Protein chains: 4
Amino acid sequence: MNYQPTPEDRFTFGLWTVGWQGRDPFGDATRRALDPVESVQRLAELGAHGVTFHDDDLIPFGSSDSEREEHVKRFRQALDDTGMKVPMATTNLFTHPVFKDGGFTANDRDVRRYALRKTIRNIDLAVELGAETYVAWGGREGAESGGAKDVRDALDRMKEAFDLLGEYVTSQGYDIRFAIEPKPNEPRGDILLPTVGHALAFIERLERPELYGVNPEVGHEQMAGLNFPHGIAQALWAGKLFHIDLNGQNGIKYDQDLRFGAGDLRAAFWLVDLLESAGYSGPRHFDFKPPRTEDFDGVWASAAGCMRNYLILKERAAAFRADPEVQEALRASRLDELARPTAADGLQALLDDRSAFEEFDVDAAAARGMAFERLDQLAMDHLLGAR
Amino acid sequence: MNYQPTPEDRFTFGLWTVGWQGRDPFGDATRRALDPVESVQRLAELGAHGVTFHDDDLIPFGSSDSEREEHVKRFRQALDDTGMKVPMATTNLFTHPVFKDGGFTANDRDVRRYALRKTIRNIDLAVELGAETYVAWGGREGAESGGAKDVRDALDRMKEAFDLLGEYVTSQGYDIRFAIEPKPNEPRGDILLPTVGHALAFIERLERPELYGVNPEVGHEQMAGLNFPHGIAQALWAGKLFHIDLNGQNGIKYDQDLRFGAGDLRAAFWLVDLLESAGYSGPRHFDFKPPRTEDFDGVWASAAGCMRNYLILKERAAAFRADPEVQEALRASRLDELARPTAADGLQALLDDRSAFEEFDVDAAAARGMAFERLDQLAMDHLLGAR
Amino acid sequence: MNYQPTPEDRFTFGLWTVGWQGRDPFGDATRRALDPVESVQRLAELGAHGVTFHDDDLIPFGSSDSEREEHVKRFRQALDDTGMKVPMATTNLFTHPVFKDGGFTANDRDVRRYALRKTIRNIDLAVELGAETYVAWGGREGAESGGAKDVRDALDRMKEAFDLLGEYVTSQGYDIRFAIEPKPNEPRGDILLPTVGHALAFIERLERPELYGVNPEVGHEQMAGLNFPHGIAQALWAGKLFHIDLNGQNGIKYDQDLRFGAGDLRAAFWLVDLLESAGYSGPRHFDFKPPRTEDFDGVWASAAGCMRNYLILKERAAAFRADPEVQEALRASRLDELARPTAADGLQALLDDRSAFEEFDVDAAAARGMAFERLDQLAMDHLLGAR
Amino acid sequence: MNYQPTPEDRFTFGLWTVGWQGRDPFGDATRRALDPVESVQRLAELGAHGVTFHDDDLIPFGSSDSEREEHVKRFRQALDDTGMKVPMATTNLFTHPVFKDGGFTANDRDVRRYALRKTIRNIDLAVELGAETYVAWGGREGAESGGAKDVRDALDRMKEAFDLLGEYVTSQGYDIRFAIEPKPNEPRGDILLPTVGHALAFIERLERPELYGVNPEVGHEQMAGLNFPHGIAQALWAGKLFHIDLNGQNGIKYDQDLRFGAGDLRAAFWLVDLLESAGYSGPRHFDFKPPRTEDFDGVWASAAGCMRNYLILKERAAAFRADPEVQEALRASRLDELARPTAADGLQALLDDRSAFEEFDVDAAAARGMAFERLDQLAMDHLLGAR
Ligand SMILES: O=C[C@H](O)[C@@H](O)[C@H](O)CO
Ligand SMILES: O=C[C@H](O)[C@@H](O)[C@H](O)CO
Ligand SMILES: O=C[C@H](O)[C@@H](O)[C@H](O)CO
Ligand SMILES: O=C[C@H](O)[C@@H](O)[C@H](O)CO
Ligand SMILES: [Mn+2]
Ligand SMILES: [Mn+2]
Ligand SMILES: [Mn+2]
Ligand SMILES: [Mn+2]
Ligand SMILES: [Mn+2]
Ligand SMILES: [Mn+2]
Ligand SMILES: [Mn+2]
Ligand SMILES: [Mn+2]
């Protein structure tokens, strides 16, 4: 009873994940830097389907056009040697000090123009390597104090930047869509577009809303104490689940980025149940950090655990949905009824229907138990293999 | 140096606020029930502009049409005697046991039809009494376990219900708009549309989005650790701030509903700064609960404190914005620059502008300090009257 | 592969758990009251070992001595008929309005004397029914505002009350110990002795510290975002784990009291691992509330799930500790070394040991990986039965 | 109406506070390193009384005995030139990779011995420079996973280390006491002794408890959602408030370390009220980080704000306690009664007192209002200078 990933499972990792050196707010790096070529080779051996990158992970900041081309050629040869793909790319608009007050919403206009230029340069590269999605995480957009940022002005600036990127992609005829990734705080005291809901609402005000979706991260919605699977169902309902970041988090605290399955395990089960039942077909991307207590062996074990945990949860959710006893429990809890329209008969029919009010027996309806605890215990039995 | 409210300040209170008997999950009521007529009279004496109600606060559940009319006539006479208005009304779809699994999203179809009928009956009453806004708080919509609610089906049901209410209002020619009020949890384990962002996004999928806005509550966004003034700026940016619920909360815990100004005082200051500077012209509604430790004297002192605290914050934010030293600090922090377009010159101009990339001096830009702490201390000096 | 509880498993429940009518801050009861005799009989049938009670759960507040004796005789006959025991008892010092500002720390001296009298009356009853532990949950001790309670004065009053109860027990020659149960908030804004640590520290200032221990609750330490199993290890380290309250909670929010195993499942696994490995021999008490969505069938299914979940976790933690591959992993992570004294050689020997400083190779030591992720994945494999 | 600090106010700062370069988990330093001599001079000019240090802030890790002496001589001359003192010192047992699994509780025994040696070397230096308090923050003691640390073994190791340090100090005849500083998480997933309560309880198990107290930090207890002033009153009640770390934090999130007065302003007011009324006479130490958005001018403005905010709160709490109207309100809320013994008459007298039970009028007592909201509004009026 083994669970082996194959490239067909669509598992992807950022270069910055297995490549994290372990530098935290309180400590120095515990591991040497990894050459991107080595990460591509090691991930291919574990069964991953591909990798993602920020511009700065692949081409060191400040590289001349000569070194740039060299870094790209070497990477490209590693992808050719292993069959690994690059489904998503993003920009680093958070490390360099110039971004201390943001990229797209920095108060300084000069920095905002620079941020757009750095981004556009990377979209060209992403298209060349075949990415289908371009993510945007505005980690420096926000503030630590109230007077430092007028948020209405900041959203105008954020809209302006995304509308210019949409103009660029359409002008070039590229087949690439954008995915905004929300985070409530860290590194800024409060970050703009803090949750999936805030990001979905913002997209509706862009000039071409169809080019943009969300890239939610498990641990970021949990940093606000929200239900991850409910946020994802809202993103699927809106047709905006363009990409996803998988990891684990233990509650409202700093962003841990533990391997997928760590953190809230029941949430991980319901998330896999939802992705598989809704037919999500994008990459299963892991944005995690092998703890700094680990050496290289531990990095590879942590990345392998990410894939393993998804495969086990996939099997348990499938057995759960397939069990006839569960199907009867879902009927007993009226899941079937939730799926039917409340009033396909229309407004006038509802208004004339005495069974909906005048003669509705509230006490009989109220006495009906929901049977949700029997259903939840079947789900627990299935996750634990005690079924 | 006194701060007296007058009806011109637009301060409103729910009957359920000063009328809360003090029953909590762990204890019996500490105060006798108040007759709505008495609350109208006492609030008019403190300087309030009006009151709001849930159908069940005014007409006891189960009342025959005869008692209904009687409860309304008496209320109407109290409004005439004091000059108090009724700017908002709402429905109780949470107390009666029939609503244990929700109103609009209950799994039982019969309950969902009943919920719509109970709501429609109250919209007619609200219009008769002159309300301009009808709020919807789906406190029972959500779940305690994963299998109990398919959220995509639940959002279809929630959309269906709001679309039918929109059809009803337009069919009757009423001048009333709806305001959805988000809450992340309590009484359900997780509530649907948990934050202002989730509610704004949902409204964009309704058949007539222009009839719906949000009614955010200070304490509810703080229950998710979010920045209230940032959520309100997003609601104003979208043109959807239809009404607001003012109160205080000390962090992520049960919903406290303390008087306005209690809880996060700095957030209260920035919220008042924003409402007044954006020109919000709706009611300043207090949805709070005088602590159960209080007698009737304490209820009235708590409600008076609500208004007083808003008036003091209003004065301090106005002195803050009016101070020439603050105006120079805002320029020093580049608030002026955040308000200017990043690229009014257009995409092609940005792409050809070498000053935005090729010749951008990142190090010089990065070395520029934001001066946000000097600005924040001026704001602190102003709030404390140490300026 | 079934998991049947027997009285030998020591599973206990409060009358107030399966007896919760479902009244919440926002809603009326959804279930009729249960006669204590019926709960005793139903729990005996599910395999429980016993029940616990607050004075007010067994004898309705205000009962004359005649009704009191009657309520006791009936209960006593049900215990005799089923073989159920009563290992713990407690006092209700939170429901009646008189307790609105606390019991032992109320500002009114008269209420504090009354609280002690009500408690003493119940200790006599508890001893008569054979309880070995008397719990104290000061749910009303605390405040919603800063000036309302001087905490140093409040701790003097709390010490005085516990010292008088200790004097009473010793004077009567009773074999009963006290267990203080911490809760950070709810129903008060902030409760005194908010966590296990605060309660252990307070006990050290009592006149006879040996008579007092703690009764930690899973969900209460999680309401402060703390690690439950770490708090329990500290209570075991101090020799103060007198009783325990088992349930589930999903994070920092209102006190949910879900059935045990719900909430943080990994925490539940590590807690069972610790109770069983440390040899905890007290009752396994469930302080939970079957959700108000349930009818009587759902109440009994929820209580049965509590016991089932403990039994499954017990089996998985035992298989985890018994696996030779886990034993080698623990050695690989140096768990063996953590158990050895750092300096049994003494201070002078450590000071003269050049291998501890002057010649310590920090870089070699730092490069050693902890292998914690391999170990954690083995634990995950074991919990899920994927091992 | 100015608030100027003087050395008599006892304001102190760590070298690491104004010296923070701005490196965060997501970004590079934004400011150049400061020479400790320059910080001493600048702080003396702002009115500080002294500075504190970790060994590594003063003498770069790895320095030979020759460079060590040089770093000390230069520092010593700056203290002589300005009249600044050094009231506290501490050890860095968290930055170097060797400490990745902790100092005193690392699984590797060799690292634990090294940690003690590094600490002892610094206690000698601290005594030489005149420190009266030696702080211990075990930031790396804890874990990210359950199996990685047996907590009972870890507490044995932590007790062993503190007992050896106590043996060393007494053996040398030094007049220095230890202060343990709690933090619930960050950098480890969960840190041992997470709150003031956990640290006070642990001290009671040391061989010489009188040598140890706590160094609580505002932002750390708030990271667990706890009430800072209540934790401090418990530490004062126990006679263990040896030192204090002042700063601001906005809720449960990463450790922000904002300047004092930022964060929870009402908590800051009640904390100052308590320190001043209890007569705390130790240093008023600021452990904060000027935001990375700032240049050197902003660093100095942030440090000056720390002192200013304490002085303003000190004035408002003193006016609050001195107001006759407040004194009458405290009597109205029975603060006077909370300070009197509940039963100085003794147990037997309480048991025979019918006024405490048999004839206690619970309904009359329950109807008495606490008048806490009037009292809290007076406190708000006083903090805002609207009084
Ligand atoms: O920009 C980095 C990514 O876009 C993101 O997914 C980070 O790794 C933050 O979660
Ligand atoms: O339905 C009640 C209201 O709509 C709401 O504002 C409540 O008082 C919850 O906050
Ligand atoms: O007083 C009730 C109990 O002592 C306690 O365990 C409650 O059920 C709160 O958790
Ligand atoms: O060890 C550093 C200190 O002891 C501490 O106060 C830190 O600055 C963490 O808060
Ligand atoms: Mn993350
Ligand atoms: Mn991410
Ligand atoms: Mn509320
Ligand atoms: Mn509200
Ligand atoms: Mn509880
Ligand atoms: Mn309990
Ligand atoms: Mn800190
Ligand atoms: Mn500190």
Side-chain angles (χ1 to χ4, degrees), chain A residues 12-14 16-17 52 54 88 90 94 135-139 179-183 186 191 214-221 223 243-247 249 255-257 260 285-289, chain B residues 12-14 16-17 25-26 52 54 88 90 94 135-139 179-183 186 191 214-221 223 243-247 249 254-257 260 285-289, chain C residues 14 16-17 20 26 94 137 139 181-187 191 215-223 228 245-249 253-258 260 263 285-289, chain D residues 26:
Chain A
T12 60
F13 293 89
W16 72 88
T17 69
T52 70
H54 289 87
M88 184 274 266
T90 183
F94 53 85
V135 156
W137 172 56
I180 290 159
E181 177 167 354
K183 189 187 184 176
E186 201 210 53
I191 288 161
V214 291
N215 181 45
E217 182 182 295
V218 167
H220 301 175
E221 298 307 295
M223 283 173 74
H243 189 274
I244 195 158
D245 277 4
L246 298 177
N247 64 9
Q249 171 71 18
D255 180 35
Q256 308 189 281
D257 285 356
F260 182 70
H285 182 69
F286 297 108
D287 180 11
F288 87 106
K289 277 167 174 67
Chain B
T12 60
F13 293 89
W16 72 88
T17 69
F26 305 88
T52 70
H54 289 87
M88 184 274 266
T90 183
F94 53 85
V135 156
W137 172 56
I180 290 159
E181 177 167 354
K183 189 187 184 176
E186 201 210 53
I191 288 161
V214 291
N215 181 45
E217 182 182 295
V218 167
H220 301 175
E221 298 307 295
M223 283 173 74
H243 189 274
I244 195 158
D245 277 4
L246 298 177
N247 64 9
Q249 171 71 18
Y254 69 99
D255 180 35
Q256 308 189 281
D257 285 356
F260 182 70
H285 182 69
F286 297 108
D287 180 11
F288 87 106
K289 277 167 174 67
Chain C
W16 72 88
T17 69
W20 186 56
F26 305 88
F94 53 85
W137 172 56
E181 177 167 354
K183 189 187 184 176
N185 63 252
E186 201 210 53
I191 288 161
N215 181 45
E217 182 182 295
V218 167
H220 301 175
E221 298 307 295
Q222 289 177 354
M223 283 173 74
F228 193 76
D245 277 4
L246 298 177
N247 64 9
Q249 171 71 18
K253 209 177 258 219
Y254 69 99
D255 180 35
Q256 308 188 281
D257 285 356
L258 298 175
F260 182 70
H285 182 69
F286 297 108
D287 180 11
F288 87 106
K289 277 167 174 67
Chain D
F26 305 88

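Whatever order the structure lists them in is the order used to number ligands and atoms, beginning at 1. Just so you know, these numbers use all the heavy atoms, side chains as well, and skip hydrogens, waters and symmetry mates. Order of the sequence lines sets the chain letters (A, B, ...), proteins ahead of strands, with each chain counted from 1.
- Taking the Mn ion (ligand 6) as reference, the nearest N/O/S atom within A/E181 carries the name OE2.
- Side chain of A/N247 to main chain of A/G219: a donor-acceptor pair is present (N/O by atom type, distance under 3.5 Å, no hydrogens or angles).
- The aromatic rings of C/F94 and C/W137 sit perpendicular to each other, their planes meeting at more than 60°, with 30° as the lower class boundary.
- Here B/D257 does not reach the Mn ion (ligand 8): none of its N/O/S atoms is less than 2.8 Å from the metal.
- Checking A/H285 against A/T12 by side-chain atom types alone, a donor-acceptor pair falls below 3.5 Å.
- Nearest N/O/S atom of B/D287 relative to the Mn ion (ligand 8): this is OD2.
- B/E217 has its closest N, O or S atom to the Mn ion (ligand 8) at the position named OE1.
- Considering just the N/O/S atoms of B/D245, the one nearest the Mn ion (ligand 8) carries the name OD2.
- Because the distance cut-off is set at 2.8 Å, C/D255 qualifies as a neighbour of the Mn ion (ligand 9) through one of its N, O or S atoms.
- Side-chain contact between A/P182 and A/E217 is absent, with no heavy-atom pair separated by less than 4.5 Å.
- Side chain to side chain, B/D287 and B/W16 meet the donor-acceptor criterion of an N or O pair below 3.5 Å.
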